[PDB]
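Here the structure is laid out as structure tokens; the discussion comes afterwards.
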Amino acid sequence: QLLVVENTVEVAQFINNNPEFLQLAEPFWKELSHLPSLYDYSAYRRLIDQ
Amino acid sequence: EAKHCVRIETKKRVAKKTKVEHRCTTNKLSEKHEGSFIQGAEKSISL
């Protein structure tokens with residue numbers, strides 16, 4: 001039996017800002033714009049899927 | 001090696017009668033029990 005397990009890390013960290021200062025991607029934002037503003041789970045499930 | 005080997009003879013006379021017999025039963029046995037078992041392991045861990 002042999003096991004090898006290995007990692008290399010090249011970006012020690014990235015830290016994204018908190019949600020106040022994050023800029024949304026235009027497509028994701030444009031999708032949020034069309035969310036039905038009511039609990040129609042069919043839409044939100046599409047968002048969570050994508 | 002094991003051996004059982006026996007020779008009997010007899011004559012009797014009165015007329016005459018005789019008997020002679022030889023038996024030799026034998027066994028030989030050998031066993032050889034050769035065997036080997038090598039084993040090993042290596043851990044290595046590096047950071």
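Each chain in the structure tokens gets a letter, A, B and so on, in the order shown; residues start at 1 in every chain, and ligands are counted from 1 in the order they appear.
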
> Got a sec to pull out which chain A residues are within 10 Å of chain B, counting only C-alpha atoms, and send them as an NGL selection string?
Replying inline: :A and (1-8)

Mind writing the picked residues with N, CA and C atoms as a compact mmCIF listing (two decimals), in the first residue's frame?
# COMPACT_ATOMS: atom_id res chain seq x y z
N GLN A 1 0.85 -1.18 0.00
CA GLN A 1 0.00 0.00 0.00
C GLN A 1 0.89 1.23 0.00
N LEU A 2 0.52 2.23 -0.80
CA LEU A 2 1.09 3.57 -0.72
C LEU A 2 -0.04 4.58 -0.64
N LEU A 3 0.08 5.52 0.29
CA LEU A 3 -0.65 6.79 0.25
C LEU A 3 0.30 7.96 0.14
N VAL A 4 0.02 8.87 -0.79
CA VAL A 4 0.64 10.18 -0.81
C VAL A 4 -0.44 11.23 -0.69
N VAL A 5 -0.22 12.22 0.15
CA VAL A 5 -1.12 13.37 0.21
C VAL A 5 -0.30 14.64 0.31
N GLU A 6 -0.69 15.64 -0.48
CA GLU A 6 0.19 16.76 -0.75
C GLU A 6 -0.66 18.00 -0.93
N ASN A 7 -0.15 19.12 -0.45
CA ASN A 7 -0.71 20.43 -0.75
C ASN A 7 0.43 21.39 -1.04
N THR A 8 0.20 22.29 -1.98
CA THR A 8 0.97 23.51 -2.09
C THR A 8 0.01 24.69 -2.02

For residue 22 of chain B, work out the shell of residues within 12 Å, counting only C-alpha atoms and skipping chain neighbours fewer than 5 positions away, then give it as a CSV table (one decimal) with N, CA and C atoms, in the first residue's frame.
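New file selection10.csv:
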chain,number,residue,atom,x,y,z
B,4,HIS,N,12.2,-52.8,10.8
B,4,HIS,CA,11.9,-54.0,11.6
B,4,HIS,C,12.1,-55.2,10.6
B,5,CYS,N,13.3,-55.8,10.7
B,5,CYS,CA,13.7,-56.9,9.8
B,5,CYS,C,14.1,-58.1,10.6
B,6,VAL,N,13.4,-59.3,10.3
B,6,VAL,CA,13.4,-60.5,11.1
B,6,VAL,C,13.5,-61.7,10.2
B,7,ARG,N,14.4,-62.6,10.6
B,7,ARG,CA,14.5,-63.9,9.9
B,7,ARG,C,14.3,-65.1,10.9
B,8,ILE,N,13.4,-65.9,10.6
B,8,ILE,CA,13.1,-67.1,11.4
B,8,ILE,C,13.4,-68.4,10.5
B,9,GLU,N,13.9,-69.4,11.2
B,9,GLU,CA,14.0,-70.7,10.6
B,9,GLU,C,13.7,-71.8,11.6

> Where in chain A does DSSP assign alpha helix (DSSP H), given as a ChimeraX atom specification?
Replying inline: /A:26-34,41-49

> Which neighbours of residue 1 of chain B fall inside 9 Å, counting only C-alpha atoms, when residues of the same chain fewer than 2 positions from it are skipped, and could you give them as number ranges by chain?
Replying inline: B: 3, 26-29

>> Based on the backbone DSSP call, show me all residues of segment 6-47 of chain B assigned strand (DSSP E), as a VMD selection string.
In response: chain B and resid 6 to 13 16 to 27
